[PDB]
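For reference, the structure is listed below as structure tokens.
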Amino acid sequence: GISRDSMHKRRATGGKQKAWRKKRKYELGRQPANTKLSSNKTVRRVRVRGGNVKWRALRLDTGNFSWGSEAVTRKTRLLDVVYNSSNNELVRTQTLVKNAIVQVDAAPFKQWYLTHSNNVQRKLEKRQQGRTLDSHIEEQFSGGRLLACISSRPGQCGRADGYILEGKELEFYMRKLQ
Amino acid sequence: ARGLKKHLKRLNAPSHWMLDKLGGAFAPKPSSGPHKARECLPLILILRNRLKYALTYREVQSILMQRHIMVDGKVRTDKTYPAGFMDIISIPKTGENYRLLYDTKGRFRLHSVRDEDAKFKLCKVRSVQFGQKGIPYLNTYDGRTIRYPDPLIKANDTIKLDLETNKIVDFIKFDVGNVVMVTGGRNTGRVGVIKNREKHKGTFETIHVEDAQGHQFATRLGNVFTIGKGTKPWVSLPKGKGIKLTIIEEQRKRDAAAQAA
Amino acid sequence: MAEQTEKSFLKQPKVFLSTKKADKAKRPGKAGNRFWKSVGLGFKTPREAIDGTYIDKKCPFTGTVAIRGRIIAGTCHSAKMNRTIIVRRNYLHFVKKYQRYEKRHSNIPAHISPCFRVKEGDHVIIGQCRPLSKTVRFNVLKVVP
RNA sequence: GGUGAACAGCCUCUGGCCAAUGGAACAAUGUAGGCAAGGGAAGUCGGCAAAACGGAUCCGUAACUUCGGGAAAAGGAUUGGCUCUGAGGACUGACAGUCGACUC
RNA sequence: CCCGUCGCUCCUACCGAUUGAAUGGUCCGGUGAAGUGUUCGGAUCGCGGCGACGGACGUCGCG
RNA sequence: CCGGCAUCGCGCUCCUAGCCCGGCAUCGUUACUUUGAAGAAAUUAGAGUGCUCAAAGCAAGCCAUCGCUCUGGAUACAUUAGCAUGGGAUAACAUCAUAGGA
RNA sequence: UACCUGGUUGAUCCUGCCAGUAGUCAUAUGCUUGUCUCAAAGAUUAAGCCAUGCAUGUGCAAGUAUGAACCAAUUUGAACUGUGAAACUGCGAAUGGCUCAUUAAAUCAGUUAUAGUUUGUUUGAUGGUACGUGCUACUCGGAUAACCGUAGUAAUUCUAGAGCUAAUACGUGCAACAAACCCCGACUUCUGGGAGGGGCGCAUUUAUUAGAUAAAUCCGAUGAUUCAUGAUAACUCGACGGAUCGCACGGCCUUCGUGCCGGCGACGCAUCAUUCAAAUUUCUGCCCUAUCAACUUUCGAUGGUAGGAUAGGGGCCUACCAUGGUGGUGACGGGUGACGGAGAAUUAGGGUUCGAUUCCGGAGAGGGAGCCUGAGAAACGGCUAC
Ligand SMILES: [Mg+2]
Ligand SMILES: [Mg+2]
Ligand SMILES: [Mg+2]
Ligand SMILES: [Mg+2]
Ligand SMILES: [Mg+2]
Ligand SMILES: [Mg+2]
Ligand SMILES: [Mg+2]
Ligand SMILES: [Mg+2]
Ligand SMILES: [Mg+2]
Ligand SMILES: [Mg+2]
Ligand SMILES: [Mg+2]
Ligand SMILES: [Mg+2]
Ligand SMILES: [Mg+2]
Ligand SMILES: [Mg+2]
Ligand SMILES: [Mg+2]
Ligand SMILES: [Mg+2]
Ligand SMILES: [Mg+2]
Ligand SMILES: [Mg+2]
Ligand SMILES: [Mg+2]
Ligand SMILES: [Mg+2]
Ligand SMILES: [Mg+2]
Ligand SMILES: [Mg+2]
Ligand SMILES: [Mg+2]
Ligand SMILES: [Mg+2]
Ligand SMILES: [Mg+2]
């Protein structure tokens, strides 16, 4: 089947390469899992070299997302794919791969920001002193969604994980999604 | 091939076993163990070849199945167990003990010793590093991993190791001025004293070692193994005191033994 | 910025630009400070690498690559690829029968960081890294023009 | 006007006509126009007549040659509708705004 | 001493209409077994809920 | 044959550092030679050893050829490429005249 | 032993070849042949084709024995006892043996690298939490061989149905602290707090943070790491964290109760290290040929960025982008009666020629291809298709 050998390639000079060997299993590839964004959740195991196991996520609906400036990580649900820096056709088909741009619920992160009298206040005034809250991340909350970037390998581990966009990286994609 | 190799044909065996090229088609294949199978001596060789307590492959099998033989403190049934440098081989039935150390000609010797030297061995540390939950531990070149060592034992150092309580009972800080026995190359066995170490960023470092009687030689840091702090050893050197020599000299020695005989 | 010229926004791994608490005084790659690294073996990281703004995952001083293996010197032969050069190695091959020499050569592709600058026929020292493409296994460390 | 490369063919608007003796029926033989299983030039002086091919895009193209050709040689693949994506511009005050008919 | 045409005999190779013949390989195009992964599918098979009903059922549990 | 040095021998803080002192590392690159490392064995050369000799083999030999003694199983060559050490004759490539030199 | 002799002439001195003269771990052939030691042998043409037979199975005191036997044989309460065949289970059969067809920087050799990976096994170390509202463990599931018996098919380790019965096979399910820190947080007083009680093994994925200098208390490693490793926030429909098996008895009661103990071991799960290994990988090196001067690039050719896949690096593959890569120092292409080396013959030196073959590396099993199992195979004394 699929192979990762260099034999079928042309030499760097451009000359042909003859085949002195057959294809080996230690050299194989597998065809992708082209992971979907859909509520019919499904991850499927792979038996790989060494008797180890990998996870093909075929359909994924919820993820684990980090808000780094706040150092808060909460599970949320995946709403839709909005930008994919390799191929537009992954956006149209709503495929989850590493470095895809996705909007997420914002519901868990709004409530953590809602949190954080006598004992409780005399910390809530300690906090609320350093609030900055860029108007960009504020406006998204008013819309009910957060731009996020996947940073896991869903076809490799079976999880959609990522981080809320901030600062330059939020600003850059926002100009693109315009 | 499509997997491991389980046979050792005789011509392919390590030269320092002194197996004879017509004594059969294969050799004992050293099992996986604490020593690197090219710097080892299996048990089969020690019994049948050297000690001659046996005449065949099957006879050495039986001896171990009575369990007379113990290695490094523990009873070993394996026929091709990879005994190595500074192991102890002890047969309580005969009541005998051996350290495994090199000839000047670079071949393992069973060095007969008392009980009080059987209590301990020497090991050089491969590395010291943190582990699970930051619990310091060290690699030796004998496969052993000792957790909670002195924070003084750094890499390349040597340790005394009681076989009863099993933890570090002493250690030598590998550096210039101590006596060393070489465990590889053409200089293996030759003992002497570190006179200089010149390092080379991104390569192996070279050790300069001088026999007690002047002769100077060099190895790379891999094949070095401190025995004692300073000139004195912490182990009993073999039948020749680690001093290698010209071919003329041993020619002279025989005829010098052949003038008295 | 000028680095950001692609369909993805370019950033260094594990450097967090939007940090709540920042300090220039900390180690590189912390508190928003550009990561930069010592390659070892006696080479010096150029200032343009240290206080650079380019992103290059393949750079010795800032990327994810480790120099190890062999260290070759040679002459730049062509500088017409994106961040890669071909360096010509010149050497003499002994012809045993005639007890004389002949001039042979080898062309070695090596990755060049944005921090350097090479023209046609400049003295370069390259270092071996993991394969970076079909033919590239070396990384330019010094350029003597 | 539409289709289209097109003053091609085909349909339409302005303008012009339905002027070509009518009715009934639907035999042979004609004349003009089609289609035919299996075979495929056996027909015939002779492939006469007919059939097959045919536009455009991509690929590929031998002998021979006066080196200009042969060449659209030969030989292949594609082609609707619908829903999208990218590229290629103008003006006005590496930007912002507005506009924009067309091609791939 | 000696050269070449010509006549006769043999040997080897050359050009040569014959869209000559055979064999093996390769480029492209057409068809495309079988496997592998994906999508529906669901024969039947496991607590055989419940209705608390009279080994029988359907509401069924998810696997 | 050679260290170790003075002549009109560009430094050393950092390691080796003598009883104020030898013997310091980066601010041009190489070939060439010197020594070493690390180099599979079998084969080649070569030591020992009276398989009766030899081709071979890696043995065996003395003891009271008596409850064991003594053991051996050396060593070398290995073109080129790579690593390290000193030499710096010879021979390459690069380069002090905008002084942007020390 | 660094060596020559015959042949052009009427004779001479040359050039120059022909011929002789020696060997081959170099093959066949012919004639001949008494003894001892030694040992090559269907490689060359046909990697052409095969009748028959064998070459891979396996059992311990230590997973499972009334399924039918054997030897003790029972005092007829308990034993299937002691030995066992079959059979289920686990492991192995990926090594070795054979050959050299394809293969010309390719395999291969010396030499590198992995900080870019997997690794059954060995050896060493290591292992808490399953849910209980972590205020100390929370209960035991049917059904399948050997066997009994009904059968089909010409058919063979072709095959169906019913009746039993085992588990270290299969599936569940009890779990060991201060919780060590961290977040809420009734009230208390005002907090820099005390806080009642709710949330935390190990793995997995992601993110944040720590992992320290330089001379007038900083503390692991490398030539070099955002390294080792720690803290935190969560995430998983978790692979895991013992319902297993031997002999040996031998301290003492708490109800004197196989009574509380507590030993040495056999097997097993998980992380790190090691070992046996591979997979890629750097530099240099290979025969003849120019009547083979350009080759590669649409459809991967050379690089870039993002992904996907892999055990992992990489145009390995995908989308977008750029126009590169090799070549008289011979690219590309052709020939090879071409696997590479260690080596072999011959040797004054320098050389010339050989290397299928017993060691090492590679590759293949009639030709192609695709796979399952497994730590390891693109396996052929495994399967699937042509
Ligand atoms: Mg073995
Ligand atoms: Mg038109
Ligand atoms: Mg018209
Ligand atoms: Mg017809
Ligand atoms: Mg006709
Ligand atoms: Mg006719
Ligand atoms: Mg006719
Ligand atoms: Mg005619
Ligand atoms: Mg006609
Ligand atoms: Mg024509
Ligand atoms: Mg050199
Ligand atoms: Mg001669
Ligand atoms: Mg003449
Ligand atoms: Mg004559
Ligand atoms: Mg001759
Ligand atoms: Mg094999
Ligand atoms: Mg273990
Ligand atoms: Mg790329
Ligand atoms: Mg990539
Ligand atoms: Mg061949
Ligand atoms: Mg052959
Ligand atoms: Mg055959
Ligand atoms: Mg094979
Ligand atoms: Mg096969
Ligand atoms: Mg067979």
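How things are named: the first chain in the structure tokens is A, the next is B, and so on; residues count from 1 in each chain; ligands count from 1 in the order shown.
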Checklist entry - Once you count only C-alpha atoms (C1' of nucleotides) and all ligand atoms, which residues end up within 9 Å of ligand 12, and could you hand them over as a PyMOL selection string? => result chain G and resi 2+348-349
Considering only C-alpha atoms (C1' of nucleotides), give me a table of residues in chain G that are at most 7 Å from chain B, with the closest atom pair and distance in Å for each, as CSV.
```
residue,atom,partner,partner_atom,distance
G:94,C1',B:2,CA,4.6
G:95,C1',B:6,CA,5.5
G:122,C1',B:32,CA,4.4
G:123,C1',B:34,CA,4.9
G:124,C1',B:144,CA,4.4
G:125,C1',B:145,CA,5.6
G:220,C1',B:129,CA,6.3
G:223,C1',B:201,CA,4.4
G:228,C1',B:130,CA,6.2
G:229,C1',B:134,CA,5.6
G:273,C1',B:145,CA,6.8
G:274,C1',B:143,CA,4.6
G:275,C1',B:32,CA,4.6
G:276,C1',B:32,CA,4.9
G:277,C1',B:4,CA,6.1
G:359,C1',B:11,CA,6.6
G:376,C1',B:3,CA,5.2
G:377,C1',B:2,CA,6.0
```
Next on the checklist: Could you tell me which residues of chain A sit within 12 Å of chain B when counting only C-alpha atoms, and give me the result as a PyMOL selection string?
Outcome noted: chain A and resi 24-26
Could the residues in this selection be saved with N, CA and C atoms as a compact mmCIF listing (two decimals), in the first residue's frame?
```txt
# COMPACT_ATOMS: atom_id res chain seq x y z
N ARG A 24 8.46 -2.39 1.90
CA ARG A 24 8.57 -2.92 3.24
C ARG A 24 7.46 -2.37 4.12
N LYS A 25 7.04 -3.17 5.11
CA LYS A 25 6.04 -2.70 6.04
C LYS A 25 6.59 -1.62 6.95
N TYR A 26 7.88 -1.60 7.20
CA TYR A 26 8.36 -0.56 8.10
C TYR A 26 8.41 0.73 7.48
```
Next on the checklist: Taking only C-alpha atoms (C1' of nucleotides) into account and nothing else, which residues of chain G lie no more than 8 Å away from chain A? Please answer as a ChimeraX atom specification.
Outcome noted: /G:102-103,106,118-119,185,190-191,205-208,233-235,239,279,295-296,301-302,306-311,316,319-320,325-326,331-332,363,370,375,377-378
Checklist entry - Which polymer residues have any atom within 12 Å of an atom of residue 141 of chain A, counting only C-alpha atoms (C1' of nucleotides), with same-chain residues fewer than 5 positions away left out, as number ranges by chain? => result A: 103-111, 113, 133-136, 146-147, 164
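Once only C-alpha atoms (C1' of nucleotides) and all ligand atoms are used for the distance check, the residues close to ligand 5 at 7 Å turn out to be residues 41, 43, 44 and 47 of chain D.
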Next on the checklist: Please return as a PyMOL selection string the residues found within 7 Å of ligand 21, counting only C-alpha atoms (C1' of nucleotides) and all ligand atoms.
Outcome noted: chain G and resi 43-44+100+356
Next on the checklist: I need the contact residues of chain C against chain B, so if you could list those with any atom within 10 Å, counting only C-alpha atoms, and return them as a list in words, that would help.
Outcome noted: residues 40, 41, 42, 68, 69 and 70 of chain C
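Note that the spacing between atom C1' of residue 127 of chain G and atom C1' of residue 177 of chain G amounts to 16.2 Å.
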Next on the checklist: Counting only C-alpha atoms (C1' of nucleotides) and all ligand atoms, what are the residues, protein, DNA or RNA alike, that approach ligand 2 to within 12 Å? I want them as a PyMOL selection string.
Outcome noted: chain D and resi 2-6+102
Next on the checklist: Just want the 9 Å neighbourhood of residue 169 of chain A, counted on only C-alpha atoms (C1' of nucleotides), with same-chain residues fewer than 3 positions away dropped. Output as a VMD selection string.
Outcome noted: (chain A and resid 165 to 166 172 to 174) or (chain C and resid 9 to 11 17)
File of the preceding selection, N, CA, C and O atoms, as a PDB file, in the first residue's frame:
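selection_20.pdb, written as the output of this step:
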```pdb
ATOM      1  N   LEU A 165      -7.087  32.649  20.381  1.00  0.00           N
ATOM      2  CA  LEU A 165      -6.193  33.592  19.728  1.00  0.00           C
ATOM      3  C   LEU A 165      -6.093  34.878  20.539  1.00  0.00           C
ATOM      4  O   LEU A 165      -7.072  35.334  21.129  1.00  0.00           O
ATOM      5  N   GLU A 166      -4.893  35.451  20.578  1.00  0.00           N
ATOM      6  CA  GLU A 166      -4.616  36.676  21.320  1.00  0.00           C
ATOM      7  C   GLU A 166      -3.581  37.510  20.586  1.00  0.00           C
ATOM      8  O   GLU A 166      -2.781  36.990  19.809  1.00  0.00           O
ATOM      9  N   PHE A 172      -3.980  38.905  13.282  1.00  0.00           N
ATOM     10  CA  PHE A 172      -3.603  38.538  11.923  1.00  0.00           C
ATOM     11  C   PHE A 172      -4.732  37.794  11.224  1.00  0.00           C
ATOM     12  O   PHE A 172      -5.096  38.125  10.092  1.00  0.00           O
ATOM     13  N   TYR A 173      -5.304  36.788  11.881  1.00  0.00           N
ATOM     14  CA  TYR A 173      -6.385  36.034  11.256  1.00  0.00           C
ATOM     15  C   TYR A 173      -7.642  36.875  11.113  1.00  0.00           C
ATOM     16  O   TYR A 173      -8.407  36.689  10.161  1.00  0.00           O
ATOM     17  N   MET A 174      -7.868  37.802  12.038  1.00  0.00           N
ATOM     18  CA  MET A 174      -9.047  38.650  11.954  1.00  0.00           C
ATOM     19  C   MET A 174      -9.031  39.468  10.675  1.00  0.00           C
ATOM     20  O   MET A 174     -10.057  39.612  10.005  1.00  0.00           O
TER      21      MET A 174
ATOM     22  N   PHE C   9      -0.051  32.608  10.108  1.00  0.00           N
ATOM     23  CA  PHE C   9       0.751  33.518  10.913  1.00  0.00           C
ATOM     24  C   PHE C   9       1.925  32.740  11.503  1.00  0.00           C
ATOM     25  O   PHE C   9       1.747  31.652  12.058  1.00  0.00           O
ATOM     26  N   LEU C  10       3.126  33.294  11.361  1.00  0.00           N
ATOM     27  CA  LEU C  10       4.361  32.613  11.719  1.00  0.00           C
ATOM     28  C   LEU C  10       4.771  32.982  13.134  1.00  0.00           C
ATOM     29  O   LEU C  10       4.821  34.161  13.485  1.00  0.00           O
ATOM     30  N   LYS C  11       5.085  31.975  13.936  1.00  0.00           N
ATOM     31  CA  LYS C  11       5.512  32.218  15.300  1.00  0.00           C
ATOM     32  C   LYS C  11       6.454  31.109  15.729  1.00  0.00           C
ATOM     33  O   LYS C  11       6.429  30.000  15.192  1.00  0.00           O
ATOM     34  N   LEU C  17       3.428  35.389  23.038  1.00  0.00           N
ATOM     35  CA  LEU C  17       3.571  36.823  22.758  1.00  0.00           C
ATOM     36  C   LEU C  17       2.659  37.682  23.623  1.00  0.00           C
ATOM     37  O   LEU C  17       3.017  38.810  23.973  1.00  0.00           O
TER      38      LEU C  17
END
```
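For residue 312 of chain G, the list of residues within 9 Å, based on only C-alpha atoms (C1' of nucleotides) and with local chain neighbours fewer than 5 positions off taken out, reads residues 116, 117, 118 and 280 of chain G.
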